[PDB]
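From first to last, the protein sequence lines are chains O and B.
First residue of the first sequence? That's 1 in the authors' numbering, and the numbers climb one at a time after it.
First residue of the second sequence? That's 1 in the authors' numbering, and the numbers climb one at a time after it.
Cβ atoms here follow ideal geometry from the backbone N, Cα and C, with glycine treated the same way.
2 protein chains.
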Amino acid sequence: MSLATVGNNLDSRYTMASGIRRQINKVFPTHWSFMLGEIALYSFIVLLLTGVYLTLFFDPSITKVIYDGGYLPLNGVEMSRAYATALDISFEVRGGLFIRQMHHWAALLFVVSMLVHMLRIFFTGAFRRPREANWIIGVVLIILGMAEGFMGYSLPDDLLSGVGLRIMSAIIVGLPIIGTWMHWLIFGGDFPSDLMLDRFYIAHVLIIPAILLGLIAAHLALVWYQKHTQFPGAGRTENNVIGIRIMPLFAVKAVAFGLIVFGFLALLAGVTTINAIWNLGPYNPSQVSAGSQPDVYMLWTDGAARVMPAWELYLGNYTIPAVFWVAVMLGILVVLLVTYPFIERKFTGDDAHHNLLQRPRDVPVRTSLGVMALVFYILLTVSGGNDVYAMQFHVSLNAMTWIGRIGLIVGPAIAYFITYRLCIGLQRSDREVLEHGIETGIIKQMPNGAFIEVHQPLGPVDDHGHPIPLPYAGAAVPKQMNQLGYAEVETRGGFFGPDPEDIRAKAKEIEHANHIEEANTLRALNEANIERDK
Amino acid sequence: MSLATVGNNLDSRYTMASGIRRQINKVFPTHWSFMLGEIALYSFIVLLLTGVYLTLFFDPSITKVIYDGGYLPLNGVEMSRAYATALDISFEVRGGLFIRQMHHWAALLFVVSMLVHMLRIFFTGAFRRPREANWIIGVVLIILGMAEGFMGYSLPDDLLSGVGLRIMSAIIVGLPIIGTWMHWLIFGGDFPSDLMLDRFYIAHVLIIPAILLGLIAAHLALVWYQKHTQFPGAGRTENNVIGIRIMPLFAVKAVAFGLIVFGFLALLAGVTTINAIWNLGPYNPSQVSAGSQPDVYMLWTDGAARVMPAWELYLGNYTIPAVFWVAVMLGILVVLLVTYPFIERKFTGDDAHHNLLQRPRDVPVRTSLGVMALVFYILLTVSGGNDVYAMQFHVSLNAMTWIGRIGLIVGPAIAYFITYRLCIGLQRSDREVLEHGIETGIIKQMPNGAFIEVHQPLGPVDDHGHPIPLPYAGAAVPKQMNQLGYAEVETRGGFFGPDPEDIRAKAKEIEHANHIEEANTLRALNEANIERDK
Ligand code: HEM
Ligand code: HEM
Ligand code: HEM
Ligand code: HEM
Numbered sequence: 001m002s003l004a005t006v007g008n009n010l011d012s013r014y015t016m017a018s019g020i021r022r023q024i025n026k027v028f029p030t031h032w033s034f035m036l037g038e039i040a041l042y043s044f045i046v047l048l049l050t051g052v053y054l055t056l057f058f059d060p061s062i063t064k065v066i067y068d069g070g071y072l073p074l075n076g077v078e079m080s081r082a083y084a085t086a087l088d089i090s091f092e093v094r095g096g097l098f099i100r101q102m103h104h105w106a107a108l109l110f111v112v113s114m115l116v117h118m119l120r121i122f123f124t125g126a127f128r129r130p131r132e133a134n135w136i137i138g139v140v141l142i143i144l145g146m147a148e149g150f151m152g153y154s155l156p157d158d159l160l161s162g163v164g165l166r167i168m169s170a171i172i173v174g175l176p177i178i179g180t181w182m183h184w185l186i187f188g189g190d191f192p193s194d195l196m197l198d199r200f201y202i203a204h205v206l207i208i209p210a211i212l213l214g215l216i217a218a219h220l221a222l223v224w225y226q227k228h229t230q231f232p233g234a235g236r237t238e239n240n241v242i243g244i245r246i247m248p249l250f251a252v253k254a255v256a257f258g259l260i261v262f263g264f265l266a267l268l269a270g271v272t273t274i275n276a277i278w279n280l281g282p283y284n285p286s287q288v289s290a291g292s293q294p295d296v297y298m299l300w301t302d303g304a305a306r307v308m309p310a311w312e313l314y315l316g317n318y319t320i321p322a323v324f325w326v327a328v329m330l331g332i333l334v335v336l337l338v339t340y341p342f343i344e345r346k347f348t349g350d351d352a353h354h355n356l357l358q359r360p361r362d363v364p365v366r367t368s369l370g371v372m373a374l375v376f377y378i379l380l381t382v383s384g385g386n387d388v389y390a391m392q393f394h395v396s397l398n399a400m401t402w403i404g405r406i407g408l409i410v411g412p413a414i415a416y417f418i419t420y421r422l423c424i425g426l427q428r429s430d431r432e433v434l435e436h437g438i439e440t441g442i443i444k445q446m447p448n449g450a451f452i453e454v455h456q457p458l459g460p461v462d463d464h465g466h467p468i469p470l471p472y473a474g475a476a477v478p479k480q481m482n483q484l485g486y487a488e489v490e491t492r493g494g495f496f497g498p499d500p501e502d503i504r505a506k507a508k509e510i511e512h513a514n515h516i517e518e519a520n521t522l523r524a525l526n527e528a529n530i531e532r533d534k
Numbered sequence: 001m002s003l004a005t006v007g008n009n010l011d012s013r014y015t016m017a018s019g020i021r022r023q024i025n026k027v028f029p030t031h032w033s034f035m036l037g038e039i040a041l042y043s044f045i046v047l048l049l050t051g052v053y054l055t056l057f058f059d060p061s062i063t064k065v066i067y068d069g070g071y072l073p074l075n076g077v078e079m080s081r082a083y084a085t086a087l088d089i090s091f092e093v094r095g096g097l098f099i100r101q102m103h104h105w106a107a108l109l110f111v112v113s114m115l116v117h118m119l120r121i122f123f124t125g126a127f128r129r130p131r132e133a134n135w136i137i138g139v140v141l142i143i144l145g146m147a148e149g150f151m152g153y154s155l156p157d158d159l160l161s162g163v164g165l166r167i168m169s170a171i172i173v174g175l176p177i178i179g180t181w182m183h184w185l186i187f188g189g190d191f192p193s194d195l196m197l198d199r200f201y202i203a204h205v206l207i208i209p210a211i212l213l214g215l216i217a218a219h220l221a222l223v224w225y226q227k228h229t230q231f232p233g234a235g236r237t238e239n240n241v242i243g244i245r246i247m248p249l250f251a252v253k254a255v256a257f258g259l260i261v262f263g264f265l266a267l268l269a270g271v272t273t274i275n276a277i278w279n280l281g282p283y284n285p286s287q288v289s290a291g292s293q294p295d296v297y298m299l300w301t302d303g304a305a306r307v308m309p310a311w312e313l314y315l316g317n318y319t320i321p322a323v324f325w326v327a328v329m330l331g332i333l334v335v336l337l338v339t340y341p342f343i344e345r346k347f348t349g350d351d352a353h354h355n356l357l358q359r360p361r362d363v364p365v366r367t368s369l370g371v372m373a374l375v376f377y378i379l380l381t382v383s384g385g386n387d388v389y390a391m392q393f394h395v396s397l398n399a400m401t402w403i404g405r406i407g408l409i410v411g412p413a414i415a416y417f418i419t420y421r422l423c424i425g426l427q428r429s430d431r432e433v434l435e436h437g438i439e440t441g442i443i444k445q446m447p448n449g450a451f452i453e454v455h456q457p458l459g460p461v462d463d464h465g466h467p468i469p470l471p472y473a474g475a476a477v478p479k480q481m482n483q484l485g486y487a488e489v490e491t492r493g494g495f496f497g498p499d500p501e502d503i504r505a506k507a508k509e510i511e512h513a514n515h516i517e518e519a520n521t522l523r524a525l526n527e528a529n530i531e532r533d534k
């Protein structure tokens, strides 16, 4: 076939035969955690493309028009050109509503996917040496992704977006030397300003996407260069990777998971409404709603402003407003996240070149601090949303603010305590299995009447008839007998009937032969590791 | 110093020591041609950054306002928001005029730098195998760079831009099935349309810059991967590169030439006016000027429309306008440029893996066709500008159109004839020197009265006392004696006086010793090439 001619013509010119061989043969581990990041990547792809489709219709201008579009309930209402063009996307373009909702849902999925991916990186310990650079890059990404998404939903100039813009401007003006100067620099004047929405539009469609794309490219390039970490397991060492090659069996799975995420987004974009701007009306600074919170990924920085106890300083001709302290708090919160691996180094007392991951149970301090930060962030989030929470679940609004205040101290401590003790209990169960074997659950009575539970050893048994303890290795310990194969089906066939018996027996024989062959190869690989380590 | 600690910390994590060594040791030839492309690259950098500064002030909206800005001569004039914000850049922002002019001059320098770089690639033969891909990429770049720049100067919605937009729309609507449909797709309706300037704005600031950046990145990456071509010379072969390493002596020169181009742009941006929009007035479809040509890089496609002899087809209920044929012509013109290396292959009868460049004199057909295309393009350009040409140089406007028409046939033929014969004469001079030696110009009279000119041989001399001819090698042949060193200064020192004589003599001795040492090393390298080729 002419495919060989194409390949020849390519390689005779570019000599890629050595390199692409090395690329296709790279090995990637197959844990389920290790494609959370791919979700964020796929969401970003969708964010790009749907965004580019929205720009052929959106007009980022704060100057007014008397609306005369397809949405009849606002004919004659004087509105910003931004809001009018967003409405024309929603109503006058075939399927523009579908697209706009997909863009928004993709933004939410992108941010939460980054959050969960970062949680995996934090708990499993993958940020450690040499990979802390990917942490410093990645934290910047999850900051900018929020910064972008915020100004992304600020653009339509509806009533719910402009209040968040008002909040941002009023926070900037309050800074204790340069606030007025920084505000006049950013907005080009007092708020609302003529040049405001175009600066934010270009910041949203060109600048921050360009930076995110560059940083994501560098991130993935670095992950590819220094190969992926892995969990401890049979035959795994600090100096090797066990998994599947990037093709055929991994690239197709990446394509398939891309398809799944893509289609999931296209479903939820048509089936759930998001940001129904047409019933919010255009922005004017005199109007506000009871539930006027920012997007979900910004609710934490709303909740901070809700829980600060109004401490304000007056110094003669000057004043530090009460909102400077939430800026300090949120900055400290961001600094701690940004610089984490080094404050981990200074107290952990090690600088080793780790390539194997820690199970979160085996590192109770870090996982306890992670759950502590999770409850802190969640209390900030729900305090941001407490207006809705109190309205729906009928808890007094003052009680919600005080729950946020006192909880941001107390609840983290309770989280740390419970998380630490639970982790210790988990690893105690692991040791109990490794030194006594699995508890099958089969209870038998001896002739003496003693009730005994037969335990099924994993390692060899002493001549007294009891297991010899194994050393814990960091790999997961099986805790039941269905996880050793002992509940697998003996019958073969589909629904409504069996396979013929000859096929049945031969298939089961081949299955068991493979099951012992893979055990043998992993066992020999582990023994080779022992020999090669001395 | 702590620099060593930084380097250690880096390489212990990323292991870049092998790779960056290989990068810094890459060799690049030093011909003056081989940084024309860098000019285009630097211009593109400037185009990006100055453009990003212009977007904090520009508002791409076709909806109107009564102007009240700093430019008093248009107070009260109702104008588009685009035009008003461009005026506010020019007059209300400190130094916005300086920036806007720099952006425009950078665009012109970018396009002409691409043109001259491509001319180098065409004449020297660098497009040949394996590098034709860089040709196919590069031609696309020099198309899109023009497409962008056109819509770049269309954005302000002034009177001179909107006429070009009118021309584009009226050409699109004339296509012989889909013209009306394609126009309604692109513009969102009839011209001028509400969504027009925002589609062009996003196409100008996001889409085409993103594509140009990606293609330029791929272009430079490919040039780096397969190493740069070189001219034939002493010690040069198809299998090696002779020049300087990318650092220290090349990277600093790249920085320095970047500085020179940058500062040149900053000078000419403040010293020459470009596109003085403030005296053109806002666009309205009923008004036009005598000199209303598009930008310079679009004048060719204007000139085509000027020289087409109005051939129009009528078919019952349908008509093919007279402007369809210029579309066909310009498309043929672009196709020929895009697909050139293969129509070079089919008639040249070779598919070899060339790495040494051809001097343009040695390939008279291709260089003659190149000058033929140059005169064709220049006649198209000046026909595009003939309204100005006839007004200034006092040649009748009809005579200019007929000069364009008949010249686009005749002048290419004359160019081919003259270019071919001149190239043959050049290489004849080269052979004459190589078989008779340099003509010094020293004329002496023999005792017989015969007037002789002493010739200075390059190669050995036969026992009859006359040079043995050398075979031509494609490298330049020296044609005078000042190019062999024989006019170099014997004195040393600055203005107003000499160096002391001891310093003088020692410096000259070292100079001549180095001059013979480099000759010896190149001679030995060439002999090694002969031995290694057999
Ligand atoms: C849009 C943002 C991001 C994208 C597209 C992304 C993508 C990826 C992908 C695909 C992987 C490999 C597969 C996997 O680990 O699941 C990865 C690994 C990694 N990510 Fe991210 N990620 C993003 C954000 C972050 C954040 C927020 C952090 C941490 C603060 C981070 C730190 C890391 C590190 C250190 C690795 C390598 C860990 C290892 O090799 O085991 N990344 N990233
Ligand atoms: C090529 C990059 C992007 C482009 C061109 C783009 C374009 C746009 C445009 C024009 C709008 C306003 C028009 C409308 O409401 O439909 C918008 C809104 C929005 N953007 Fe983007 N965007 C891009 C990337 C992103 C990214 C990376 C995120 C998230 C981090 C994001 C999140 C949002 C959100 C949440 C909205 C509000 C949607 C709505 O209110 O309906 N966008 N985007
Ligand atoms: C903005 C557009 C372009 C940029 C930034 C660019 C940049 C460069 C640079 C820096 C080089 C190496 C140094 C030099 O040759 O002077 C190069 C080489 C080259 N360029 Fe371009 N160029 C552009 C457009 C083009 C065009 C329009 C063509 C042809 C149609 C082209 C074809 C080539 C080829 C084939 C080479 C390699 C030739 C060799 O190795 O001798 N490029 N380019
Ligand atoms: C990041 C990429 C770019 C951005 C953000 C950008 C931005 C802009 C903006 C906003 C304008 C109109 C405002 C004004 O008149 O001052 C403009 C005009 C223009 N652009 Fe760009 N541009 C970019 C790249 C380019 C490129 C690559 C070219 C050339 C190929 C180009 C050529 C032009 C020209 C000729 C004008 C007209 C200038 C004038 O009329 O004063 N631009 N650009």
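Per-residue burial, residue i [other beta carbons within 10 Å of its own, 16 or more giving buried]
i      : result
O:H183 : buried
B:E501 : exposed
O:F347 : exposed
B:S2   : exposed
O:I178 : exposed
8 Å Cβ cutoff met for residue i and residue j
i      : j      : result
O:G164 : O:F28  : no
B:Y53  : B:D158 : no
O:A304 : O:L330 : yes
O:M168 : O:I142 : no
O:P60  : O:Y153 : no
B:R166 : B:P248 : no
O:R128 : B:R13  : no
O:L397 : O:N386 : yes
B:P412 : B:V365 : no
O:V140 : O:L36  : no
7 Å Cβ shell around residue i - same chain, five flanking residues per side excluded
i      : result
O:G174 : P321, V323, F324
Chain-order list of residues whose beta-carbon lies under 6 Å from that of residue i (same chain, five-residue window excluded)
i      : result
O:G233 : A475
O:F123 : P360, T367, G370
O:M16  : none
Distance between residue j and residue i (C-alpha atoms, nearest Å)
i      : j      : result
B:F496 : B:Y486 : 24 Å
B:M308 : B:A373 : 18 Å
B:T50  : B:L144 : 19 Å
B:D362 : B:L215 : 32 Å
O:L97  : O:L280 : 16 Å
O:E509 : O:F257 : 34 Å
Check: residue i C-beta below 7 Å from any heavy atom of ligand 5
i      : result
B:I216 : Of the ligands one can find in the structure shown, namely ligand 1, ligand 2, ligand 3 and ligand 4, none is ligand 5.
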